[PDB]
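Before any questions on how it binds or moves, here is one chain, the form deposited in one PDB entry, in structure tokens.
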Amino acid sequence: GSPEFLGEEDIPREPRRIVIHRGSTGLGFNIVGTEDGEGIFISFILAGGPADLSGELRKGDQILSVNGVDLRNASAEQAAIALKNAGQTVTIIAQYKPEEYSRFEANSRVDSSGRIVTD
């Protein structure tokens, strides 16, 4: 009757396992991080790329590990090398951390429903 919007439902904050299958051109997402290793976050998912095709990753996810390699304290450069080298079947542990992510993206913030919005 009244429509049931997904946007009015909380995005799960618990860690998840996601398997991504490499395309001809990589995994179809970009990351941001720091040289001190304060987290690796998905900043962008390419429409139609492997990450998108999984249906299980979003901007603001922190990549905790790749194929069992702990990336919680890695630089973006280290993370990029790990992801490159991860082979054709890539097992990611991710966790949605929009507040932490929002500190990286200019003019962004987290709304009442836990979504990242940019002004």
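Just count from 1 along the sequence shown to find any residue number.
If you look for the form deposited with a partner chain bound, you will not find it shown, but the lines that follow are about it.
Check your understanding: Is residue 65 one of the residues lying within 4.5 Å of its partner chain in the deposited bound form, judged by heavy atom distances?
Key -> Output for residue 65 is no: heavy atoms all beyond 4.5 Å of its partner chain.
Check your understanding: Given that the partner is absent here, does residue 88 sit within 4.5 Å of its partner chain in the deposited bound form, heavy atoms only?
Key -> No, residue 88 sits far enough from its partner chain in the deposited bound form that none of its heavy atoms falls within 4.5 Å.
**Study point:** Interface membership of residue 32, its partner chain in the deposited bound form, 4.5 Å heavy atom rule
**Key:** Taking the distances in the deposited bound form, the answer for residue 32 is yes, it comes within 4.5 Å of its partner chain.
Point to revise | Interface membership of residue 70, its partner chain in the deposited bound form, 4.5 Å heavy atom rule | key: The answer is no: residue 70 has no heavy atom within 4.5 Å of its partner chain.
Check your understanding: Out of closer and farther, which fits the Cα atoms of residue 30 and residue 23 in the deposited bound form compared with this form, where the change is 3 Å or more?
Key -> The answer is farther, because the C-alphas of residue 30 and residue 23 separate from each other in the deposited bound form by 3 Å or more.
Exercise for review: Mind checking the CA-CA distance of residue 49 and residue 23 in the deposited bound form? It differs by 3 Å or more from this form, so is it closer or farther?
Suggested key: Pair moves farther apart in the deposited bound form.
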